[PDB]
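S.K.:
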Amino acid sequence: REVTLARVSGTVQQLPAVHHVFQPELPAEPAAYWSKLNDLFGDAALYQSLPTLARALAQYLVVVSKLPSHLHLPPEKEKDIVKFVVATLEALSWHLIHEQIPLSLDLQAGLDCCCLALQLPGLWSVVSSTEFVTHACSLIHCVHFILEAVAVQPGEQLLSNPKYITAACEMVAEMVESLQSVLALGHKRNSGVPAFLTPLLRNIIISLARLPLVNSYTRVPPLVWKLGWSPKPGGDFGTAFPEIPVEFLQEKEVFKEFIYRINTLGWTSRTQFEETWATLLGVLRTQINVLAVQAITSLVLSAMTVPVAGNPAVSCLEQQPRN
Amino acid sequence: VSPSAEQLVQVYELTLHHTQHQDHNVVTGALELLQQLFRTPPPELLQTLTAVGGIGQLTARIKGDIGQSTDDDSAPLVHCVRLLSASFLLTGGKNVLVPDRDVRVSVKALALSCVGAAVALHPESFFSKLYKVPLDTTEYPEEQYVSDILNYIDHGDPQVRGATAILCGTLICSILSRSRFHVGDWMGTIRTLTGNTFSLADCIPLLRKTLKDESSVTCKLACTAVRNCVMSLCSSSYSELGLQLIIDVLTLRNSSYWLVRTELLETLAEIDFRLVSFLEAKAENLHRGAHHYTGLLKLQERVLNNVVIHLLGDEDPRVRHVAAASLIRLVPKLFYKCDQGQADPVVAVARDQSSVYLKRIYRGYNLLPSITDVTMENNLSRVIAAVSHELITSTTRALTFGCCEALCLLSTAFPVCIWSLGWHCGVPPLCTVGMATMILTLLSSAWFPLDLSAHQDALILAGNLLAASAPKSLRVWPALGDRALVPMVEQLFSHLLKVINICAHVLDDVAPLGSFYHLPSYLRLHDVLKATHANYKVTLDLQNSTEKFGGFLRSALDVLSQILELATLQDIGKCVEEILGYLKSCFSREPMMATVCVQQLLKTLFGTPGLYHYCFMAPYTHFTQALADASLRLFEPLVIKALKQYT
Amino acid sequence: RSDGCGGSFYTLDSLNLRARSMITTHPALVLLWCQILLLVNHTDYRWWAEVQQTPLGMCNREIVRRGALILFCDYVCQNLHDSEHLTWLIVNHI
Amino acid sequence: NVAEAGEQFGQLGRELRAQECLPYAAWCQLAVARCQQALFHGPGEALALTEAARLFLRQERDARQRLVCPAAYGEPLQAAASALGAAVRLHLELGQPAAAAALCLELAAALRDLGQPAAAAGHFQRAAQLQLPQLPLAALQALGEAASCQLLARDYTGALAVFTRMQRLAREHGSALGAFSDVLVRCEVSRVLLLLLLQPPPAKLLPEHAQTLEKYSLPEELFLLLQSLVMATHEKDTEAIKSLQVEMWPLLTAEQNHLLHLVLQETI
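If you're matching them up, the sequences are chains A, B, C and D in order.
Read in order, the letters of the first sequence correspond to residues 2165 to 2324, 2348 to 2471, 2491 to 2529 in the entry's author numbering.
Read in order, the letters of the second sequence correspond to residues 343 to 402, 661 to 959, 978 to 1048, 1058 to 1102, 1121 to 1157, 1223 to 1318, 1348 to 1371, 1419 to 1433 in the entry's author numbering.
Read in order, the letters of the third sequence correspond to residues 1800 to 1854, 1882 to 1920 in the entry's author numbering.
Read in order, the letters of the fourth sequence correspond to residues 42 to 216, 258 to 299, 314 to 364 in the entry's author numbering.
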């Protein structure tokens, strides 16, 4: 553990000082930052180093959830573990850009480390803050880039303020509809993804869509954005849209997509659960009553969960032995 | 006496003069005449227009010296493209658009189609300068060419930005067909002749920009452009751009307009995928495309599994008919990897081009030894396995309802009697019975026989797949000799008699071996056929190929004939009078293929390889082997009815 | 080998220009013309360097290249007492 | 009497499909099946049972795919299983096994979609046994889907058994022709990947496994790389297996990429 944390902190100390968000479409244009990102970071020894520590942190963050109080991670190395997750996932996307597949055993290690760093409450409190927003945005682009490097053949799609905040947000909405279509084990659309990524990519898209940057947008179905709905958002982030009005929920397919997003997304701090409770009571022509009743059952069962209680990523329903 | 050439040149100068008459109808009338006269030209007029002097050898809004079609040292189509471009759709000073106030939109559309066909006849006129004498350098600083025609991809409504798509497609096709794929020499001669800077590459994304467009009309016209263009692109030096256009057409298979999907599936039907497979074998950074995709780019198993067989389940019957025709046009052109014939795709392109340029039983079955291609049987077996997989695993009505049509057209196109090792899967193990058991379990349901345009195709295809076992099996129903084949045929035979039974009770207005009274499904068949016969007896339209009671009874007699090939006298001798009754009642509606059935019933009552092999060595061995060989009695009322129906 | 009689005949280099314009659109005729130009002892390295490309791609031309090389090897397969075309064809075409 | 009542239930079922509720239009289709069981019809009762099956499976595609419900607990999966069980029994009683095999393929594709691959393996092997006397190529495709379901559910030894059965039934009916050679290519790659994943002792190593492991220790590139990867895992040379996974990734489909990932994992 001490060797893992020291070497992870060293690899974060080798990173540059001021972080700019990763864009795989036009990377070389904005700055000479990418010169420093190919000099100390394009070396074969440093890329030989990073997924070994990703395996190390993957098993360590597995073990953290059942350790005594001496063996948990310190609060100082927490920012560094977040920056290391961002750096390794950018390394994975960078070798997808330049050379080949990364190793296809380092995809699995990088996504292990990122999923487990997204499930822990301290590391999620660090990622979901303001100072690492660019970092969080980079994760989104890199994760989608990796999915787009594997799932979608050329000539296809997944489904059939600065600029990067409003692109990563639509990117996550596309990935949630892909969880409906592409990343379902056994679907005919899932014939391209090699199935050692679909638990990892499914958990990482569920856990990234619950960020305070993205969740408020992600619960809104795209049939609402097709119609004339556009208020001005603000929460000191770019995208902090207000809650959906019940007048659009009197259509059925809009309401089916809303209950889909609120089922797969879960909830957050409790006030957003009371917001969803208020909307689903405001819904209560007879088909929508059936669907609202089923939504209320799914909410009351999403309050029934034995860990975090509102997160389908980390947690699962409580069952009692009758034996 | 045939019409001469000078009369047609008088027609041509007439309808060049009547483009400038002030009207709305006269301009569009002369433009539709000139469009169609450039589409399907008479040969003498076309040989006079393609020539350099042309009309001189026969005689012995516009503000600059275009120069008439009488002057020499320039073809007349150069004058006509300059004249029509300067009069209708271009201002002679700058790349600037003429408004809809001055010239209407439909006039511009017909003008673009005229320029498209005139470039398809003669490409060099597209690179001509718009004024032969330069036009007033004080008022206008630069002089422009006819390439601002291609600035009408952004102009407003459809049918103008879609017409420049087919203009660019015919431009690229006619450049690659005019100069025999030596594009650098041709552009060298033109860049030394006129001063314009325009390559073919600078037109290909513009065409691509018309594929991602909002209107279905522009996507339809851009799709016809790709159909005209992509074969000349794909085998030329610009094959990367043609392959990217095949990809961008592949993005477009799921629009909500049926003409877009039919023309998509007619672009992808004319492609030879041995050459596309060669281009995939060469390519490195084309398998990626955008977004850095790692892995391969399999066009052949995506144009044949996600497009053609996927649009066999489309809701319109027109799309399913065109999808079956596209399967017929794609089965020879496949090149699946590692045959025991063609090895490389180079061997495939070589064997096609070298094979081009170096050279009474019924219709069902064959008894020849049948020398047969190997890669063609392999491709045909792959196609029938995919089509049978999307017939058995279907969850909809449209998949089976169009997939039996695809099987029936592959059966009439590639016959089961000849290509029997392609149709083979399973039955009699080794002259084959391929896959006919699923189809005879389709006809026994109470769901599938109620719509006729798939039931008659299933009858034809079941008759073919059971009659394909003729040379092997033959040595109740004593002639069959393969006992596991005895029930299936019996099923069809009883089914066909019952079907013919219903048609008798349809043509003779009679309320209700072969008997359909106690079966509760063939009464539903009677209700469907009675409704369709009422719709025929009300409406008078004689010359229709698709009638669904004429075609249905046609098929139900043809397959009964083709099955009656296999029978004997001991098998039919208890059933002849019933068939003759159901043919005396059913003669007047369709007599052409009801005397075929009497003919066949009268027969069986009276007893009755590596790019050195393919390019040189095999045609030379056949050539020298050839030069070595060269050194040396209830029928009679139906017969009377057939005689009267003859007279 | 003999020139045309002052321009009164189709000499070999003009007809070979026509055959080099036939590389792309008709390969099989070009391969038969390759074996004809091999068959008379006319091995000029300019034409074989142009037809074999001796130091994406065009499709059909490729056939001719491979075709010519196989046929040219067959020539060196038959009369190999001269060491000229062995060393030329093994140095350049590996 | 009974037929007019069945037409009345059919009109009620069509009105309820227009209302688009669908736990209760399927009850009317079961009533149509019961009415056509009251007299003797045959395939129409099978049609009513299969339409009820379509409606219950559409209810669970609305209750687990479009709406990933935590409260969803498989109530019309069981009714669809009972209805298709009755339909398959009716087809086996009348004597046409191709329709019953088609219904087993539909039920197992539905259970593959809902996230339960073992019962899909299940009914796929059942349908592939119901199609061996009549249609062997459809049996090979049903066994290929069964083998993909077992590679999803992590039953690798069952995948060995199904893959050897597929290769044997492709050699009995390919002597290949066509898509039988595609069946053979997929089997000859994936059995080698599964013999490298789980490495059997020579007691449970059948002589077909012995023949193909003698053959390696199909196009030339992937055949050469499979020979090199068998020779690399017998020597336990990890850098070579890394440089092979980098260069066998475009050549394999996603199931073979999962199996080659597992082979590269459980040797390091």
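All C-beta atoms, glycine included, are put in the ideal place defined by N, C-alpha and C.
Taking 9 angstroms as the CB-CB limit, is residue 357(D) close to chain A?
M.R.: So yes, residue 357(D) belongs to the interface.
S.K.: Return the CA-CA distance between residue 927(B) and residue 2285(A), expressed in angstroms with no decimal places.
M.R.: Looking at the two C-alpha atoms, the distance is approximately 57 angstroms.
S.K.: So is residue 744(B) buried or exposed if we call it buried at 16+ other beta carbons inside 10 Å?
M.R.: When all chains shown are included, residue 744(B) counts as buried.
S.K.: So, residue 1097(B) versus residue 984(B), is the Cβ gap smaller than 9 angstroms?
M.R.: Going by C-beta atoms, residue 1097(B) is nearer than 9 angstroms to residue 984(B).
S.K.: For residue 2415(A), count neighbouring Cβ atoms within 10 angstroms of its own Cβ and tell me buried if that reaches 16, exposed if not.
M.R.: With fewer than 16 Cβ atoms within 10 Å of its Cβ, residue 2415(A) is classed as exposed.
S.K.: Counting C-beta neighbours from all protein chains within 10 Å, is the total for residue 909(B) 16 or more, i.e. buried, or is it exposed?
M.R.: Its Cβ being crowded by 16 or more others within 10 Å, residue 909(B) is buried.
S.K.: Return the Cβ separation of residue 661(B) and residue 728(B) in integer angstroms, given the expectation that the two are a contact with Cβ distance under 8 angstroms.
M.R.: With 8 angstroms as the limit, residue 661(B) and residue 728(B) do not qualify as a contact, their Cβ atoms being about 18 angstroms apart.
S.K.: Provide the residue span of the alpha helix (DSSP H) that contains residue 1324(B), from first to last.
M.R.: Regarding the residue in question, residue 1324(B) is not represented: chain B runs 1318 and then 1348, omitting everything in between.
S.K.: Use the C-beta contact count for residue 2513(A): other C-beta atoms within 10 angstroms, 16 or more gives buried, fewer gives exposed.
M.R.: Flag for residue 2513(A) reads exposed.
S.K.: Can you name the start and end residues of the alpha helix (DSSP H) that residue 2351(A) belongs to?
M.R.: Element bounds for residue 2351(A): n/a, residue is neither H nor E.
S.K.: Helix, strand or coil for residue 809(B), going by three-state DSSP, please let me know.
M.R.: Three-state DSSP puts residue 809(B) in a helix.
S.K.: Once you ignore the five residues that flank residue 250(D) on each side, which residues in its own chain have a CB closer than 7 angstroms to its CB?
M.R.: Coordinates for residue 250(D) are absent, as chain D skips straight from 216 to 258.
S.K.: Within 10 Å of its beta-carbon, does residue 1835(C) have 16 or more other beta-carbons around it, so buried, or fewer, so exposed?
M.R.: Answer is exposed; the Cβ neighbour count stays below 16.
S.K.: Between the region 763-780 of chain B and chain C, which residues of the former have a C-beta closer than 9 angstroms to a C-beta of the latter?
M.R.: Flagged, chain order: 780.
S.K.: Would a check of beta-carbon distances place residue 896(B) closer than 9 angstroms to chain D?
M.R.: Closer than 9 angstroms to some Cβ of chain D, the Cβ of residue 896(B) qualifies, so yes.
S.K.: Rounded to the nearest angstrom, what separates residue 920(B) and residue 2349(A) at their Cα positions?
M.R.: Distance between the alpha carbons of residue 920(B) and residue 2349(A) is about 48 angstroms.
S.K.: Using a cut-off of 9 angstroms between C-beta atoms, extract the partners of residue 1919(C) located in chain B.
M.R.: Ordered by position in chain B, no residue passes the 9 angstroms Cβ test against residue 1919(C), which lies about 15 angstroms from the chain.
S.K.: Quick one: what's got a C-beta closer than 8 angstroms to residue 204(D)'s C-beta in the same chain, skipping five residues either side?
M.R.: Closer than 8 angstroms at Cβ, skipping near neighbours: 188, 269, 272, 273 and 276.
S.K.: Rounded to whole angstroms, what's the CA-CA distance from residue 244(D) to residue 1035(B)? Just pull it up for me.
M.R.: Inspection of chain D shows residue 216 followed directly by residue 258; residue 244(D) is thus not represented.
S.K.: Hey, does residue 146(D) have any beta-carbon neighbour from chain F nearer than 9 angstroms?
M.R.: Among the protein chains in the structure shown, which are A, B, C and D, there is no chain F.
S.K.: Determine the burial state of residue 2491(A): buried for a count of at least 16 other Cβ atoms within 10 Å of its Cβ, exposed for fewer.
M.R.: Exposed: under 16 other Cβ atoms inside 10 Å.
S.K.: Smallest Cα separation from residue 2213(A): which of 2252(A), 2296(A), 2265(A) and 2234(A)?
M.R.: With distances taken between Cα atoms, residue 2213(A) lies closest to 2252(A).
S.K.: What's the C-alpha gap between residue 1806(C) and residue 1813(C)?
M.R.: Spanning the two alpha carbons is a distance of roughly 11 angstroms.
S.K.: Just how far apart, CA to CA, sit residue 1063(B) and residue 1070(B)?
M.R.: Going from the Cα of residue 1063(B) to the Cα of residue 1070(B) covers about 11 angstroms.
S.K.: Taking all protein chains shown into account, do 16 or more other C-beta atoms lie within 10 angstroms of the C-beta of residue 672(B), making it buried, or fewer, making it exposed?
M.R.: Burial call: exposed.
S.K.: Just the chain A side, please: which residues come within less than 7 angstroms of residue 99(D) by C-beta, in chain order?
M.R.: Result: empty, since nearest Cβ-Cβ is about 14 angstroms, beyond 7 angstroms.
S.K.: Would you mind working out which of 1270(B), 785(B), 1011(B) and 1285(B) sits nearest residue 1093(B), comparing C-alpha positions?
M.R.: That would be 1270(B), whose Cα lies nearest to the Cα of residue 1093(B).
S.K.: Could you compute how far the alpha carbon of residue 1903(C) sits from the alpha carbon of residue 1363(B)?
M.R.: Rounded to the nearest angstrom, the two C-alpha atoms are 22 angstroms apart.
S.K.: Where residue 1907(C) and residue 1916(C) are concerned, what is the direct C-alpha to C-alpha distance, given to the nearest angstrom?
M.R.: Rounded to the nearest angstrom, the two C-alpha atoms are 15 angstroms apart.
S.K.: Does the distance from the CB of residue 210(D) to the CB of residue 176(D) come in under 9 angstroms?
M.R.: For residue 210(D) and residue 176(D), no; Cβs fall outside 9 angstroms.
S.K.: Sorted by chain position, which residues of the same chain lie with C-beta nearer than 7 angstroms to residue 796(B)'s C-beta, five sequence neighbours on each side aside?
M.R.: Answer for residue 796(B): 727, 745 and 747, listed in chain order.
S.K.: Please classify residue 745(B): does DSSP put it in a helix, a strand, or coil?
M.R.: Reduced to three states, the DSSP call for residue 745(B) is strand.
S.K.: Rounding to the nearest angstrom, what Cα-Cα distance links residue 1436(B) and residue 1136(B) in this structure?
M.R.: The question about residue 1436(B) has no answer, for chain B in this structure spans 343 to 1433.
S.K.: For residue 2442(A) and residue 2403(A), which I take to be in contact (beta-carbon distance under 8 angstroms), what is that distance rounded to the nearest angstrom?
M.R.: So it is not a contact: roughly 18 angstroms between Cβ atoms.
S.K.: I'd like the span of the alpha helix (DSSP H) that includes residue 1021(B), first residue to last.
M.R.: First-last of the alpha helix (DSSP H) with residue 1021(B): 1015-1031.
S.K.: If the cut is a Cβ gap below 9 angstroms, which residues of chain B does residue 2382(A) touch?
M.R.: Result: empty, since nearest Cβ-Cβ is about 15 angstroms, beyond 9 angstroms.
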